[PDB]
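Engineer: can't give you the sequence, but here's the structure:
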């Protein structure tokens, strides 16, 4: 509350560390469904169904231009990529499986780096 603060967690490396996690996600062999925005002209149903599209290239641009206020807003956009994928793709599809694999990969790096 006013003039009463918990001790200061060092957040000065968060930007660099989220960049490293994102590089590791970008270079994973199963990243290909997630590298670029879904083409809304060429994929029927996507525009109407997926209210907030997100992809790794869009996160990389937001990261590089100071559009994440903190490391939690960064994790929210990564998770959004996988939540969108589960909404649109069957679990038993190449893209569906890719999404589960990447979410697992992300969540481990996240815990090991920050928790």
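Structural biologist: Happy to help now that I have it. Residues are numbered from 1 along each chain as shown.

Engineer: ok, and what's touching stretch 42-52?
Structural biologist: 38, 40, 53, 80, 84, 87, 88 (C-beta atoms under 8 Å, 6 or more residues apart in numbering). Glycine gets a C-beta too; all of them are placed from N, C-alpha and C.

Engineer: just want the most central residue of the chain.
Structural biologist: Central residue of the chain (C-alpha atoms, centre = their mean): residue 78, 1.2 Å from the mean position.

Engineer: helix or strand for the closest residue to it other than its chain neighbours, which one?
Structural biologist: Leaving aside its chain neighbours, residue 78 sits nearest to residue 106 (5.6 Å; criterion: C-beta to C-beta, 6 or more residues apart in numbering). Using DSSP states H and E, residue 106 maps to helix 94-114.

Engineer: give me the helices and strands touching that helix, please.
Structural biologist: Applying 3 or more C-beta pairs under 8 Å, 6 or more residues apart in numbering; DSSP states H and E, one finds that helix 94-114 makes contact with helix 14-27, helix 71-88.

Engineer: most tightly packed of the ones you listed?
Structural biologist: Compared across the helices and strands packed on helix 94-114, helix 71-88 shows the largest average neighbour count, a mean of 17 (mean count of other C-beta atoms under 10 Å).

Engineer: not counting that helix itself, show me its contacts.
Structural biologist: Residues outside helix 71-88 that contact it (C-beta under 8 Å, 6+ apart): 11, 14, 17-18, 22, 25, 33-34, 45-46, 49-50, 52-56, 58-59, 62-63, 68, 95-96, 98-100, 102-103, 106, 110, 114.
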